[PDB]
Structure formats: structure tokens, C-alpha cells
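Visitor: The structure follows.
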Number of protein chains: 2
Amino acid sequence: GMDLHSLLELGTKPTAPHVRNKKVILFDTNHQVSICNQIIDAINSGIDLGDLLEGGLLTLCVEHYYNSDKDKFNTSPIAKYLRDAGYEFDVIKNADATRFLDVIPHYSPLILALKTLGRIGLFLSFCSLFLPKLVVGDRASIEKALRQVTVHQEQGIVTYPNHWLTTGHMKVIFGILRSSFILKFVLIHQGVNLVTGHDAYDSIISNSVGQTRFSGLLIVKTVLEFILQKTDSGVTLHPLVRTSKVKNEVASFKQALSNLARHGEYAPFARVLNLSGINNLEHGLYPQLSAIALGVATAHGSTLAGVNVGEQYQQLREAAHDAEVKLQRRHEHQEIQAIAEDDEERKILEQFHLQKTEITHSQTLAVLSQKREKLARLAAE
Amino acid sequence: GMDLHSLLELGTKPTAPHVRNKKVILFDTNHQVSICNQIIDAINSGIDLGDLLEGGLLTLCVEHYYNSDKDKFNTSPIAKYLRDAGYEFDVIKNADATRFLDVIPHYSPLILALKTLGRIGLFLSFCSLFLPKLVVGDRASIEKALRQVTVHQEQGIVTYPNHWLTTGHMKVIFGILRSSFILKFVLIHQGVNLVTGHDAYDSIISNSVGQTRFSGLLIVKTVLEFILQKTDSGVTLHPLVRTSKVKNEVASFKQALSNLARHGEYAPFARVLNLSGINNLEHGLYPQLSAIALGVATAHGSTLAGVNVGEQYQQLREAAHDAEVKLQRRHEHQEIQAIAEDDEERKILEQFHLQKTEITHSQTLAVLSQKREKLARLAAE
RNA sequence: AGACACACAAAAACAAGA
């Protein structure tokens, strides 16, 4: 009895092959800070380096995190992991280069644009500010960038240049970050693998990386924290999802999650970096499961009601919301009657539970009205 | 049955890697006290050393704690722990340097600023005064700095220069301390690892470090001292938090706490020094748990009612406050009826308990009114 | 022959006392 359903899955197990071969060029320049400042000046003017973009951003990376040290960079875990991923790093000794145009190897638009010609930490932290809401688009991305700038200035950590706060500048930074994989990956690796010794700039990087965890993968968090639960008897299934309708869907989700598992420590950033198997965690491929999980999560988490969802999911999400609210009131009643001893703690615990549920209800309605207002202003635009 | 929920956690276990490579330069100068006084004069004038900042503050550190001894400094536990963290220490022999500008290796603003040109213990103790309230911002930071200066003058320990008490000077010191990791870490290490032999200055350092314990980590103290308790049967769960709503949240908090455990003796200063896993102890990631723990703590500790919290937490915190007050009156009634022997001690113990609860109620209301008044003046600003 | 659908969507520093 050969397994037929494996033909539904064999397309998602590449057995770890090697395809990538990118010629990323490294620069050894005595005027390291000078060329880095030139790169920053080029970027703030909205200049697209294209092919040179990877090299320039890697130069900024090595300057800020290794102080122009190449021996340690090429043996760093970033370098080894990109060895696995298929990135080639080679060093070019342009020691006497002073102008930015000297180091660059279809160049005509770039050359014509360049005719117009710890700040590195400022630039890298500003780029990292885009990570938490990078995949949601550009509107919310720049909104959260502005919020992060305001909160960081309020904490007194960093005071950014005023000109960087212009809408065009964040648009350029969003474009350059979305189009470049190396900037993302180095930022996430530095945020994740740093243990101690953070300055202000590395602290901002680490905070942005932590906020970027599971960005664009809300389905993963919702399903794992609101449907599949580990008890003392192993993993259990949510009572609301025992139907085959979503049972097969959960089986498919488990398959996709196991496929995503092989990526490793960077699995939470799979949507940010577009890793393999990320398209198998799509909302479209799990419509009912996504709607049910999001409804249950909204029932638990008040702030989760602010998520905007497609119009084909709203009714199911609201139904799951109401159902899960009822089952949770049921479960709190069961726990109160089961675990306690006498009537006094029954009454005080149930009064507290009623107050907490009322507070969550009010907060959920407020955030739902806020989401309605946001959709209204977006439609009016 | 592979563990799926490990994909929710693999991003927070770096397996102790090495990323940092900072070129911290050490200075061997015969005019050690002279260059240190020059550094102090530069700082009091609000001069930002930037790159030279780490070297200058390390020079002050080695002067005050080792009397310009480099052999013991480079083998000190600070040096070894920074070996692990990825700091490189190299010595430069600028023996004949007299002007501050001689020892410094984008320098133009710094050079132009420098054209305008046991006090070391005074400077270091003044900096350490900022540690207890460093992460709360600048307002409360300078307020507690002023309070500490007043109390230390009253004890007769130290009499600071009057010009250092100007608002601009504490602002500069707050900026220099917040932007520099090395100053923090050396201050905390000296405060923690000192056993005896404190002079006045090291005594101030140790007192500030002790007051800095768990700064910005009030959630940790509240959860560990008001929710999870060790009985003779191991750790127990608070009756108010047996709901799954916060049960999963406590599981996540336990995960984050275990992640923070690997840091070691500097775990209480994780928020101060921005260690790894500090962003996993966020209030946002544990809204209900943070509000409940803070409410319970306020019910126990009267002075804890003065904490300012976000507007989305106030109702839940007050509900937890009232509930915990009721459960504690319940528990005192149980203990009095259970552990005692006859009626006389029942009556006197219950009268004392009633008086104590009334006193705590009055103090909590007073501090709540004080917090209201503080918020009122802050809003009026 | 084939026939559909399928980016993302929220929140997220700290807060007292000593």
C-alpha cells in the first residue's frame, strides 16, 4: 500500500539543494568612514545603486559592526550561513578610491544620477525601524517608523536628522530595504545573535528585530497559541475545530509548519526574508482555519481586533469571536467551580472575572471602532 | 510527534555566539591624573567624545579603581567577561601627551568643540546616580539624581560642585550614560563584585547599583513575588491567574524568564544594559499578566500604587487590586482561625490586622492621589 | 485541454518607594 497523498507534498521538500550564486563584492578602503559617508549621502538623495547596492550596504554593515575588519566578517556566522545559502564574497582592494563612483564596476542612469553629488549607526537603525511592519505595505510601515522615531527620541536614545523624517526619505528607505535581502538578513542576524554589549544603535536594532518576530505570520501565532495546545497528555485540538472541514486544513497547516521548521532560528522572519515554504503558510490556502484562529485570538486578545482582513473572512471571524467568548465564559465557570474550596472565593473570583470580561469587551469594541474609522479614512482617500 | 511549538521559541536561543568586535583603545599616560582632569573638564562643558568616549571613560575607570594599573585591569573579570562579549582592548602609549586632543586618533566638529578648552570619584559617583532611574526617561532620572545628591549631602558623605547641579549638566550626563554601555557595565560590575574596602565613592557606586536592581523590570518582580510562589510542594500558581487567558501568558513569561536566566548575575540589570532577551520581557507581550501582577502587587505593597501605566491597563489593574485585597482579607481570616488557640489572640490579632489594612488603604489612596497630581502637572506642561 | 481562490493587515520603551 504505497502512500498516494505524498504526491500532494513532494513539491515542498527540496532536500536542501544549492542554487544561489551571487557575486557580492567586498571593498577594502583606507577611507572606510569617508566612503561610508559618501554612501549615506548617496542614499539620502534617493539614488538606487542597483547592483552596487549589496556591496555598499555590506560595507556599511562591516563598518558599523566590525570597524572595517574583514577577517572576522568572512568567518562570521553570517558568512557561513550565506555559504550554505549560496552567496559568494570576494574582496576588492580599492585603497586609493575617494569618489564613490571609483569603486563601482546599464550604468549610465546611475552615473548621471551620481553626477549630482556614528551616522552609519543612525542609517542602520533607521533602516531597522522598517522591519516590524515591512510586509504590511508602505502606509503602516512609515506610520510605525514615525512612531518608533518619536518613542526613541522620547527615551533620549537617539535624535535623528530632521530631513530623514520627510515622507520621501522613508519611502526611499522602504524601497531600498524591500528590494535588498542582505540588509534585512544582516539586521536580523545582528539583532538575534547579540548577547550583551549593545550600544544605543545595536539596542535599536535588537528592539526592531524583536518587534519583527513573526511579522506577516500572524496565522502561525494564532493557530499555535489558540488551537493546538500542549497538555500533560501531549498536544490537544481546540473543541471548535474538531470538524473535518478544518481538520484536513489543520493537517495541511501542520505540514506547512514542519516544512518551515527546517529553516531554523530565522523561521519567525520567514515572511520578512521570503524563505522557502513561506507561500505554504498563506491565508488563502487556509481560509477557514485562518478565520477561525483569528476569531479565537480576537476573543482572547483584545488588541487583535484591530487586524484588517479580507471581506470574505469577516463573518466567519466574528462568528468564531462570539463562539470563543462563550466557551471561555463557560471554561472560567468550570474552573471556578472546580478548583476552589468555599463560596467566598467563588464570589470574589467571579466578580473579578466579570469585571475583566467587561473591560476586554469595552476595549475590543473601541479598537473595532478604530479599525472601522481607519478603513473609512482609507476608503475616502 | 515532533514538537511544533518550538518554532514559536527557536528565535530566542542564540546558543551563545560571538558577534561583537569593538576596538576599545587603552591609554598609558604618565600624566594620568592630568588627562583624567582634562576629560572631566571636557565632559562638564557638554562635549560629546563619540568614538573617543569609550576610551576616555575607561581611562577614568582604570584611574579611579586601579590607580592607572593596566596589568590587573586587563585580567580583571570585567575584561574576561568582555572577552566573552566581544570587546577588544588594546593599549596605546601616548606618554608625552598633555593636551586632550593629542590622544584622539568626522573629527571636525569634535576638534572645533575642543578649541574652546579625587574629582574622578565625584564624576563616577555622579554618573552612577543616574542608574536607578535610567530607563524611565530623563524627568524622573534627574529628579532621583537630585534626591540622591540631597540625601548624600545630608549624610555628609560627599559635597558635589554646585555647577554640576544645573539642569544642563545632568542632561549631559544622562545622555552620555545612556549612549555608552561601557560606563554602565563597569559601574554595575564594581558595585556588585565589591565585597569590602568601600570608600565614600565606591559606597555611593554600590548603593546606586543596589537601587538599580531590576530597574525597568518591575514585571519580573511582580510576577515572581505575587503570582508564582514556592511552597513545600514546589511552585504554586496564584488562584486569580488559573484562567487559560493568562495561563498561556505565564507559560510565555516562564519561557522569557528562562531565556533571561543564561545572562547570569547581571540579569537584574538586563533593561539597564539591554541584554539579550530583554525585549521578550515586554509589557506589551504580556498585557493581561502585567496588569494582573501589578494590581496584586499594589494590593500587597502600598507604595506600588504610584506606578504610572498605560491607559489600556488601568481598569484591569484596579480590578486586580480590589480582588487581591478581598482574597488577602479572606486569607488572613483563614490563618487567624486556623493557627491560633483561643479567642483572646483571635480578637487582638484581628484588631491589629484591621488597623494594618486601614493604614495600607490610607497610604495607597494618598499615593494614588499623588500620582494623579503628578499626571496633572505633566499634562499641564 | 484547462477551468475557483490565494501579499500583508492589530498591539508592543519605561513608569512607585529606598
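Starting from 1 in every chain, residues are counted up; chains themselves are A, B, ... following the order of the C-alpha cells, and ligands are numbered from 1 as listed.
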List as JSON lines every residue of chain A that is in contact with chain C, defined as an atom at most 10 Å from one of its atoms (using only C-alpha atoms (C1' of nucleotides)), together with the nearest atom pair and the distance in Å rounded to one decimal, sorted by chain and then rising number.
Guide:
{"residue": "A:133", "atom": "CA", "partner": "C:8", "partner_atom": "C1'", "distance": 9.0}
{"residue": "A:134", "atom": "CA", "partner": "C:8", "partner_atom": "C1'", "distance": 8.8}
{"residue": "A:135", "atom": "CA", "partner": "C:8", "partner_atom": "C1'", "distance": 5.4}
{"residue": "A:136", "atom": "CA", "partner": "C:8", "partner_atom": "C1'", "distance": 4.1}
{"residue": "A:137", "atom": "CA", "partner": "C:8", "partner_atom": "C1'", "distance": 6.7}
{"residue": "A:140", "atom": "CA", "partner": "C:9", "partner_atom": "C1'", "distance": 9.0}
{"residue": "A:148", "atom": "CA", "partner": "C:13", "partner_atom": "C1'", "distance": 9.8}
{"residue": "A:151", "atom": "CA", "partner": "C:13", "partner_atom": "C1'", "distance": 7.3}
{"residue": "A:152", "atom": "CA", "partner": "C:13", "partner_atom": "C1'", "distance": 7.9}
{"residue": "A:154", "atom": "CA", "partner": "C:13", "partner_atom": "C1'", "distance": 9.3}
{"residue": "A:155", "atom": "CA", "partner": "C:13", "partner_atom": "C1'", "distance": 7.1}
{"residue": "A:207", "atom": "CA", "partner": "C:13", "partner_atom": "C1'", "distance": 9.3}
{"residue": "A:210", "atom": "CA", "partner": "C:12", "partner_atom": "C1'", "distance": 10.0}
{"residue": "A:211", "atom": "CA", "partner": "C:12", "partner_atom": "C1'", "distance": 7.3}
{"residue": "A:215", "atom": "CA", "partner": "C:8", "partner_atom": "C1'", "distance": 9.0}
{"residue": "A:216", "atom": "CA", "partner": "C:8", "partner_atom": "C1'", "distance": 5.9}
{"residue": "A:217", "atom": "CA", "partner": "C:8", "partner_atom": "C1'", "distance": 9.0}
{"residue": "A:218", "atom": "CA", "partner": "C:9", "partner_atom": "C1'", "distance": 9.4}
{"residue": "A:271", "atom": "CA", "partner": "C:8", "partner_atom": "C1'", "distance": 9.3}
{"residue": "A:279", "atom": "CA", "partner": "C:7", "partner_atom": "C1'", "distance": 9.5}
{"residue": "A:282", "atom": "CA", "partner": "C:6", "partner_atom": "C1'", "distance": 7.2}
{"residue": "A:283", "atom": "CA", "partner": "C:6", "partner_atom": "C1'", "distance": 7.2}
{"residue": "A:284", "atom": "CA", "partner": "C:6", "partner_atom": "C1'", "distance": 4.0}
{"residue": "A:285", "atom": "CA", "partner": "C:6", "partner_atom": "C1'", "distance": 6.1}
{"residue": "A:286", "atom": "CA", "partner": "C:6", "partner_atom": "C1'", "distance": 9.0}
{"residue": "A:287", "atom": "CA", "partner": "C:6", "partner_atom": "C1'", "distance": 9.0}
{"residue": "A:298", "atom": "CA", "partner": "C:10", "partner_atom": "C1'", "distance": 9.5}
{"residue": "A:301", "atom": "CA", "partner": "C:11", "partner_atom": "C1'", "distance": 9.5}
{"residue": "A:302", "atom": "CA", "partner": "C:11", "partner_atom": "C1'", "distance": 9.0}
{"residue": "A:303", "atom": "CA", "partner": "C:11", "partner_atom": "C1'", "distance": 5.5}
{"residue": "A:304", "atom": "CA", "partner": "C:10", "partner_atom": "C1'", "distance": 4.7}
{"residue": "A:305", "atom": "CA", "partner": "C:10", "partner_atom": "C1'", "distance": 6.4}
{"residue": "A:306", "atom": "CA", "partner": "C:10", "partner_atom": "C1'", "distance": 4.3}
{"residue": "A:307", "atom": "CA", "partner": "C:10", "partner_atom": "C1'", "distance": 4.5}
{"residue": "A:308", "atom": "CA", "partner": "C:9", "partner_atom": "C1'", "distance": 4.9}
{"residue": "A:309", "atom": "CA", "partner": "C:9", "partner_atom": "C1'", "distance": 6.4}
{"residue": "A:310", "atom": "CA", "partner": "C:9", "partner_atom": "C1'", "distance": 9.0}
{"residue": "A:367", "atom": "CA", "partner": "C:10", "partner_atom": "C1'", "distance": 8.8}
{"residue": "A:371", "atom": "CA", "partner": "C:10", "partner_atom": "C1'", "distance": 9.0}
Visitor: Just write the chosen residues, N, CA and C atoms, as a CSV table (one decimal), in the first residue's frame.
Guide:
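Contents of result.csv, as written:
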chain,number,residue,atom,x,y,z
A,133,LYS,N,7.0,46.3,10.5
A,133,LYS,CA,5.9,46.4,9.6
A,133,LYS,C,6.3,46.5,8.1
A,134,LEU,N,7.3,45.7,7.7
A,134,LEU,CA,7.8,45.8,6.3
A,134,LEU,C,6.9,45.1,5.4
A,135,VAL,N,6.3,44.0,5.7
A,135,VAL,CA,5.4,43.3,4.8
A,135,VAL,C,4.0,43.7,4.7
A,136,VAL,N,3.6,44.6,5.6
A,136,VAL,CA,2.2,45.1,5.6
A,136,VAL,C,2.0,46.1,4.5
A,137,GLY,N,3.1,46.6,3.9
A,137,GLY,CA,3.0,47.6,2.9
A,137,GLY,C,3.9,48.8,3.1
A,140,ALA,N,1.4,51.6,6.7
A,140,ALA,CA,1.6,51.2,8.1
A,140,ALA,C,3.1,51.2,8.4
A,148,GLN,N,8.1,54.8,16.0
A,148,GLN,CA,9.4,54.4,16.6
A,148,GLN,C,10.3,55.6,16.8
A,151,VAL,N,9.1,57.6,19.8
A,151,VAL,CA,9.3,57.0,21.1
A,151,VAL,C,10.8,56.9,21.4
A,152,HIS,N,11.7,56.7,20.4
A,152,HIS,CA,13.1,56.7,20.7
A,152,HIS,C,13.6,58.0,21.1
A,154,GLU,N,11.8,60.3,22.6
A,154,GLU,CA,11.3,60.5,23.9
A,154,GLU,C,12.2,59.8,25.0
A,155,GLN,N,12.6,58.6,24.7
A,155,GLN,CA,13.5,57.9,25.6
A,155,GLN,C,14.9,58.5,25.7
A,207,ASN,N,15.8,45.8,19.4
A,207,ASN,CA,14.4,46.1,19.6
A,207,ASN,C,13.6,45.9,18.4
A,210,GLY,N,13.3,42.2,17.5
A,210,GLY,CA,12.3,41.6,18.4
A,210,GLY,C,10.9,41.9,18.1
A,211,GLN,N,10.6,43.1,17.7
A,211,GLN,CA,9.3,43.5,17.3
A,211,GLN,C,9.0,42.9,15.9
A,215,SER,N,6.5,38.6,11.9
A,215,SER,CA,5.9,39.7,11.1
A,215,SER,C,5.3,39.1,9.8
A,216,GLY,N,4.0,39.3,9.6
A,216,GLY,CA,3.4,38.7,8.5
A,216,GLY,C,3.0,37.2,8.6
A,217,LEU,N,3.3,36.7,9.8
A,217,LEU,CA,2.9,35.3,10.1
A,217,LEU,C,2.0,35.2,11.3
A,218,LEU,N,1.0,36.1,11.4
A,218,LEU,CA,0.1,36.1,12.5
A,218,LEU,C,-0.7,34.8,12.5
A,271,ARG,N,8.5,35.4,6.5
A,271,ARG,CA,7.8,36.3,5.6
A,271,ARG,C,8.7,37.6,5.3
A,279,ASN,N,5.2,30.6,1.2
A,279,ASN,CA,4.0,30.6,0.4
A,279,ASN,C,3.0,29.5,0.8
A,282,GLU,N,0.1,30.5,3.5
A,282,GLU,CA,-0.7,31.6,3.0
A,282,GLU,C,-2.1,31.5,3.7
A,283,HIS,N,-2.7,32.7,3.8
A,283,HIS,CA,-4.1,32.8,4.3
A,283,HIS,C,-5.1,32.1,3.3
A,284,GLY,N,-4.8,32.4,2.0
A,284,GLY,CA,-5.7,31.8,1.0
A,284,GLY,C,-5.8,30.3,1.0
A,285,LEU,N,-4.6,29.6,1.3
A,285,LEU,CA,-4.6,28.2,1.4
A,285,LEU,C,-5.3,27.6,2.6
A,286,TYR,N,-5.5,28.5,3.6
A,286,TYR,CA,-6.2,28.1,4.8
A,286,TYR,C,-7.3,29.1,5.2
A,287,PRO,N,-8.3,29.2,4.4
A,287,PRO,CA,-9.3,30.3,4.6
A,287,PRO,C,-10.1,30.1,5.9
A,298,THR,N,-8.9,37.0,18.7
A,298,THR,CA,-9.5,38.2,19.0
A,298,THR,C,-10.4,38.0,20.3
A,301,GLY,N,-7.3,37.9,22.9
A,301,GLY,CA,-6.5,39.1,22.9
A,301,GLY,C,-7.4,40.3,22.4
A,302,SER,N,-7.5,41.3,23.2
A,302,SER,CA,-8.4,42.5,22.9
A,302,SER,C,-7.8,43.2,21.7
A,303,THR,N,-6.5,43.5,21.7
A,303,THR,CA,-5.9,44.3,20.7
A,303,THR,C,-5.9,43.6,19.3
A,304,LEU,N,-6.1,42.3,19.2
A,304,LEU,CA,-6.1,41.6,18.0
A,304,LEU,C,-7.3,41.9,17.1
A,305,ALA,N,-8.3,42.6,17.7
A,305,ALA,CA,-9.5,43.0,16.9
A,305,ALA,C,-9.2,44.1,15.9
A,306,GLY,N,-8.0,44.7,15.9
A,306,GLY,CA,-7.6,45.8,15.0
A,306,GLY,C,-7.1,45.3,13.7
A,307,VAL,N,-6.9,44.0,13.5
A,307,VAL,CA,-6.4,43.5,12.2
A,307,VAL,C,-7.4,43.6,11.1
A,308,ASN,N,-7.0,44.2,10.0
A,308,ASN,CA,-7.9,44.3,8.8
A,308,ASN,C,-7.8,43.0,8.0
A,309,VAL,N,-8.9,42.5,7.6
A,309,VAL,CA,-9.0,41.2,6.9
A,309,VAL,C,-9.8,41.3,5.7
A,310,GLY,N,-9.7,40.4,4.8
A,310,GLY,CA,-10.5,40.4,3.6
A,310,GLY,C,-12.0,40.2,3.9
A,367,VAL,N,-11.4,49.3,19.9
A,367,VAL,CA,-10.4,49.0,18.8
A,367,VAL,C,-11.1,48.7,17.5
A,371,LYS,N,-10.7,50.6,14.0
A,371,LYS,CA,-10.4,49.9,12.7
A,371,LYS,C,-11.4,50.3,11.7
Visitor: Find the residues around residue B:185 up to 9 Å (only C-alpha atoms (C1' of nucleotides) counted), leave out those fewer than 4 positions away in its own chain, and share them as a list in words.
Guide: residues 197 of chain A; 78, 181, 189, 190 and 273 of chain B
Visitor: I need the residues from that last selection saved to file as a CSV table (one decimal), in the first residue's frame (with C-alpha atoms), if you can.
Guide:
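Writing the result to out.csv gives the following:
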chain,number,residue,atom,x,y,z
A,197,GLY,CA,27.4,44.9,24.7
B,78,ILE,CA,35.4,42.9,33.5
B,181,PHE,CA,27.4,50.8,27.5
B,189,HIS,CA,30.3,45.3,38.0
B,190,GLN,CA,32.2,47.5,40.5
B,273,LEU,CA,22.4,47.3,29.8
Visitor: Mind the document's chain letters and residue numbers, and return as a PyMOL selection string the residues of stretch 53-287 of chain B that DSSP labels strand (DSSP E).
Guide: chain B and resi 87-92+228-231+234-237
Visitor: Could you give me, as a ChimeraX atom specification, the residues within 9 Å of residue B:345, counting only C-alpha atoms (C1' of nucleotides) and dropping anything in the same chain fewer than 5 positions from it?
Guide: /B:336,340,350
Visitor: As a list in words, please: every residue in stretch 225-281 of chain B that a backbone DSSP assignment puts in alpha helix (DSSP H).
Guide: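 Selection result, alpha helix (DSSP H) within stretch 225-281 of chain B: residues 225, 226, 244, 245, 246, 247, 248, 249, 250, 251, 252, 253, 254, 255, 256, 257, 258, 259, 260, 261, 270, 271, 272 and 273 of chain B.
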Visitor: In Å, rounded to a single decimal, give me how far atom CA of residue A:86 is from atom CA of residue A:57.
Guide: 18.3 Å
